[PDB]
Amino acid sequence: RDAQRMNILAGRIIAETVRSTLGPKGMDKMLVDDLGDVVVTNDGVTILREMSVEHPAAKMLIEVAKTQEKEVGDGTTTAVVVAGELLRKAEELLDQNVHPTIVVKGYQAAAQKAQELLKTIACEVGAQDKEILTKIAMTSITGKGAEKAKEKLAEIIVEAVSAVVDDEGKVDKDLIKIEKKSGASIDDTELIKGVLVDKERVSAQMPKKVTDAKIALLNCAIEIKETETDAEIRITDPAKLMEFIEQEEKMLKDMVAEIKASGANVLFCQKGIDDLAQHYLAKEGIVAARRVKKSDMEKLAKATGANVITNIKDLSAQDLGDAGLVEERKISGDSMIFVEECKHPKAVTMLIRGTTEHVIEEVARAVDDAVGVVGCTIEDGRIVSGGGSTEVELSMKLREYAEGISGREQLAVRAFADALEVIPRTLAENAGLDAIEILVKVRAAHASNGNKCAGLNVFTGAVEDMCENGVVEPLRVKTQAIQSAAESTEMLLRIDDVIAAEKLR
């Protein structure tokens, strides 16, 4: 009859299914299709990418989740859960024959007020505090499962982001490369200022350590060259077969000789190298190598100011780079070259070691997500208490602000505050504790002059300080969550007419 009555209860099917999969714990409810492609993965946004939709109302809430994921990378599921909880409470007031106009404005007023309340609560942090940067790092890796040396990994990751601090105060993830190389264990983890490579020197006669070496890049290969124009070899006299072998002796002499005249102590190459070319580099004594990714040939020139040289004949001194200290040694595994550059570090890297290929890949994913959490703090410089210790504080202040709004509509803004208690309730139910007798203790810590960092810890299972245990989350995730949640609910309250048309392009 009314239709709308049946669409409100439809939204209570997606939020509940993606409610337990939030936080450390969370059982997976896989609804595989008839094909049988089971993909057990405790994830939320992934469930929305492969699932048949029943009503068009459930499709609009997916757009706001994708735009927020690429910009943040985490916390998008915290909005759809709290969103659905708001519609369930609105039914208590809908029965009173309330008009949607006065209801939709009640949430916008409380949401707009929360934008100013979340600022004073956010604590300021500098780009050199070695006490807050270390806590936010260890909190993210704890959930990965690596009790071998998580304390050391938190001290090295903070030393890198704290050293590549540009003048404007931003941070680029491209300036931190990753290297997956097996070793003895994680204890051998160390961050080198530069770039490593397992390509050992082809000849042992080459120098083992050279200080202030001129880097030289060659985009072409060191083999038989060929003119850009069309050309084909033609043989008719069998006596000329020996001249071709002798002709290469001259081309591979004056060409390679120019490298030494330019003052190039180190050389690099991508493709293979001619067999006879190994003799020229033996008498001169210059470092060389082969097989190098094209992407690596760009960071070296960008990190030192060098320029690629496609023709050795057109080589110059300005195009040469400047290596800090090159040397080949071993560090619990296969020997590798260390092309360091501490005189002016423009792009560092990171090396991780493990016992097996399956172990390094696990921690390899944590270093990427860790930079995202700390990467946004250095840019904004504002953080808030974690563990859901932000909504319970605002809910008590909105009651005072709701008193100023006279008339028979103050109950609307008040009902929105009571619905924000779902965050501390989900984490409490997953821990196996009652969420009715514990909600009173969290209020004592925020009564009058209580601390502004109290929260419930899932591990210990009792109210503690988020700053002491190390629980903390960015501020941008909270602004976008309240901002998106404030606009997401509008998609349901504003609409008031079923669309039963035909032919819509």
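Residues numbered from 1 in each chain as written, not as in the entry; some residues may be left out. Heavy atoms only, no water.

The record names cryo-EM as the way this model was obtained, at a resolution of 6.3 Å.

### Quick notes on the overall build of the chain
Counted only if it meets this: Put simply, DSSP H or I for four residues or longer makes a helix, DSSP E for two residues or longer makes a strand, and each gets a number counted from the N terminus. Restricting the calculation to C-alpha atoms gives the radius of gyration, and the globule rule supplies 2.2 Å times the number of residues raised to the power 0.38. Only protein chains enter the area calculation, which uses a 1.4 Å probe; residues under 20% of their type maximum are buried, those over 50% are exposed, and those in between are partly exposed. Contacts are assigned to residue pairs that have any heavy atoms within 4.5 Å of one another. Here the open area of atoms and residues is found with the Shrake-Rupley method and a 1.4 Å probe, where only the protein chains shown may cover a residue. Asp and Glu are treated as the negative residues and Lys and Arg as the positive ones, with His and the ends of the chain left uncounted. Here the site of a charge means NZ on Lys, CZ on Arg, CG on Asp, or CD on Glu.
Broken down by element type, the chain carries 18 helices and 13 strands. In terms of C-alpha radius of gyration, the chain reaches 31 Å, well past the compact-globule figure of 23 Å for 505 residues. Within the chain, buried positions represent 36% of all 505 residues. Sequence separation of at least 24 residues holds for 74% of the intrachain contacts in the chain that already meet a minimum separation of 6. With an accessible surface of roughly 31,800 Å², the chain has 54% of that area assigned to carbon and sulfur atoms. Of the charged side chains in the chain, 67 are positive and 88 negative; the average position of the first set lies 1 Å away from that of the second.

### Examining the nonpolar core
The criterion, for reference: Buried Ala, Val, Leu, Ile, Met, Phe, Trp, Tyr and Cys residues form a nonpolar core when they are joined through side-chain atoms within 4.5 Å.
Grouped together as the largest cluster of nonpolar side chains are 18 residues, with contacts concentrated most on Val-171, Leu-191, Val-348, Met-350 and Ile-352. Sorting the residues of this core by element identifies α6 (133–141), α7 (150–161) and α11 (357–380) as the ones contributing at least two each. A per-element tally of this core places α7 first, with five residues. The contacts of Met-350, once residues within four sequence positions are left out, are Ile-156, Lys-177, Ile-178, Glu-179, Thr-189 and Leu-191.

### Brief notes about the state of the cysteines
To keep it simple, the criterion reads: The rule for a disulfide is simple: a pair of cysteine sulfur atoms within 2.5 Å.
Per the stated rule, a full pass over the model turns up zero disulfides. No disulfide involves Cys-220; its nearest neighbouring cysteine sulfur is the one of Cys-269, lying 7.6 Å away. Of all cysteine sulfurs in the structure, the one in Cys-453 sits closest to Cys-467, which takes part in no disulfide; the separation is 3.7 Å. For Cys-467, a relative accessible area of 35% translates into the label partly exposed.

### Things to note about the pattern of salt bridges
To be explicit about the condition: Put simply, a salt bridge is a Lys or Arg side-chain nitrogen that is within 4 Å of an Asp or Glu carboxyl oxygen.
Taken as a whole and judged by the stated rule, the model has 15 salt bridges. The partner of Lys-299 in a salt bridge is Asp-296, and the shortest N-O contact between them spans 3.6 Å. Here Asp-296 and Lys-299 lie together in helix α10 (residues 296–304), a separation of three residues that amounts to about one turn. With a shortest N-O distance of 3.0 Å, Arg-329 and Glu-327 are connected by a salt bridge. Owing to a relative accessible area of 40%, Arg-329 belongs among the partly exposed residues under this scheme.

### A word on the sheet that holds strand β13 (residues 472–474)
Short version of the rule: Strand pairing requires that DSSP identify at least two bridges connecting the strands.
The strand order across the open sheet built from three strands is β1-β10-β13, with neighbouring strands paired in antiparallel fashion. Each edge of the sheet is formed by a strand with only one pairing partner; in this case those strands are β1 (123–124) and β13.

### Topic: the side chain of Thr-390
With respect to the element layout, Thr-390 can be found in the loop between β10 (382–385) and α12 (391–404). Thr-390 gets classed as buried once you look at its relative accessible area, which sits at 12%.

### Concerning the pairing of strand β8 (residues 336–340)
Counting buried positions along β8 yields four of five residues, so the element is predominantly enclosed. Sheet analysis places strand β7 (residues 323–329) next to β8, joined by five bridges and oriented antiparallel. Of the residues in β8, the one forming a bridge with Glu-328 is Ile-337. Once β7 ends, the chain turns through six residues before running back antiparallel as β8, passing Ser-332 with a positive phi of about 65°.

### Brief notes about empty space enclosed by the protein
Rule in force here: A pocket here means an open set of points on a 1 Å grid, computed over the protein atoms alone, that has protein on both sides within 12 Å along at least five of seven lines. A cavity is instead a set of points where a 1.4 Å probe fits but cannot get out; residues with an atom within 4 Å of a point line either one. Grid points are joined across faces, edges and corners, and a volume is the space filled by probe spheres set on the points.
In the structure shown here, the tally under the stated rule is 10 cavities of 30 Å³ or more. Of the voids in this model, the largest cavity is the one considered here, and its volume is about 230 Å³. Residue lining of the largest cavity: 21 residues in total, with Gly-194, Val-195, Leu-300, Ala-303 and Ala-347 positioned closest to the centre. Elements with a contribution of two residues or more to the lining of the largest cavity: β3 (194–197), α10, β7 and β8. Counting residues per element, the lining of the largest cavity draws most heavily on α10, which supplies four residues. Reported here for the second largest cavity is a volume of approximately 160 Å³. Forming the walls of the second largest cavity are 15 residues, and the residues nearest its centre are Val-266, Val-287, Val-326, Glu-327 and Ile-337.

### Considering the packing of α6 against α7
Cut-off, in case you're wondering: Whenever a helix is involved, its axis is fitted only over the stretch in contact; in every case the axis is a line through C-alpha atoms, and angles between N-to-C directions fall within 0 to 180 degrees. Throughout, the term roughly parallel applies to angles under 35 degrees, roughly antiparallel to angles over 145, roughly perpendicular to angles from 65 to 115, and oblique to all others. Each helix crossing is assigned a hand: it is left-handed if the near helix lies turned anticlockwise from the far helix by less than a right angle, otherwise right-handed if that turn is clockwise. Residue classes follow a fixed rule: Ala, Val, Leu, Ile, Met, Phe, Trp, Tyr, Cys and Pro count as nonpolar, while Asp, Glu, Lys and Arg count as charged, and any other residue, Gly among them, counts as polar.
It is the contact of α6 with α7, at a shortest axis distance of 9 Å, that shows an interaxial angle of 130°. With respect to α7, the axis of α6 lies oblique. Of the two elements, α6 crosses α7, and the hand of that crossing is right-handed. Here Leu-133, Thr-134, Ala-137, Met-138 and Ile-141 of α6 come into contact with α7, specifically with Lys-150, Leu-153, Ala-154, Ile-157 and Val-158. Residues belonging to the contact of α6 with α7 are distributed by class as follows: eight nonpolar, one polar and one charged.

### Comments concerning unusual backbone geometry
Of note, the phi angle at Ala-3 is positive, near 65°, even though the residue is not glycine. Despite not being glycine, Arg-505 has its phi angle at roughly 60°, a positive value. For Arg-505, the location among the structural elements is in the segment after α18 (490–493).

### Some details on the sheet that holds strand β4 (residues 209–213)
With antiparallel pairing, the four strands of this open sheet are ordered in space as β3-β8-β7-β4. Strand pairing shows two members of the sheet lacking a second neighbour, β3 and β4, which therefore form its edges. For this sheet the average axis-to-axis angle between neighbouring strands, irrespective of direction, equals 15°. In the sheet, β3 pairs with β8 via four bridges, with the strands oriented antiparallel.

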